[PDB]
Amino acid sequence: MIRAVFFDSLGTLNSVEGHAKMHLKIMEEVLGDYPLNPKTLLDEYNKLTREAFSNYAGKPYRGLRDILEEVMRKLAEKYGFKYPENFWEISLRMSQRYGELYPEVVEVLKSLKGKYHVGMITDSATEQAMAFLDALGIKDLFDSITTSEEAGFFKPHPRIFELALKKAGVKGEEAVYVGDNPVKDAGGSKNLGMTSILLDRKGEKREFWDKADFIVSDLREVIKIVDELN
């Protein structure tokens, strides 16, 4: 019986659109009137960071701040603008203002909280995850928050899911994982026996739907699935 529902972060609870808007504002503040299109800087930053994150999926945890700051160091040297020593602090300030939840998130978390264990499982440093949940106003809505930093490994490594399950006191088969990445979220959680729900908000991933037990475009569908399973 489903006793716990676990959620991914980016693309699942906080929007990619807010992420992109937030990060453009970060680059605009980095650059000022430097003669570089902030959108061009952002696209190159995203290209490099995506490659780095891909390299480390499933692998031992390493600090994301060191990776992002090195990428920025490279980009500052490539393009000739002054490296921002306060890059991280700029980023935090912009997260607090421009971080954005999908419209149904609070409704969904509220409807589940109390009746099931409500958890988050995220690739993130712990302090950074807790700060952003606070900034979005949803920290209190979780019974557990489990991170790659705690487990020692990035998704889809089994230990990050194992830890979340152990925090909640449930078996994998008594738990659901909702996330937007078919490999890291659906495939990763399945290795622990969890029921996997792929969130495909824009229907962009039908190539990979077979990788999940269920497909949804809106998190309000989750509660119906759990009830139906129970």
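Residue positions are given as counts along the sequence shown, with the first one as 1.
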So which stretch wins on mean C-alpha B-factor, 22-30 or 66-74? 66-74
Assert higher mean C-alpha B factor (152-160 or 97-105, deposited values) equals 97-105
Among the candidates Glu89, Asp123, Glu127, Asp134, give the one with the maximum CA B-factor reported in the record. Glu89
Return the residue from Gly169, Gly187, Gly58, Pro38 that has the highest Cα B-factor in the entry. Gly169
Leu141's Cα B-factor: lowest, middle or highest third of the chain? highest
Would the CA B-factor of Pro182 place it in the lowest, middle or highest third of its chain? middle
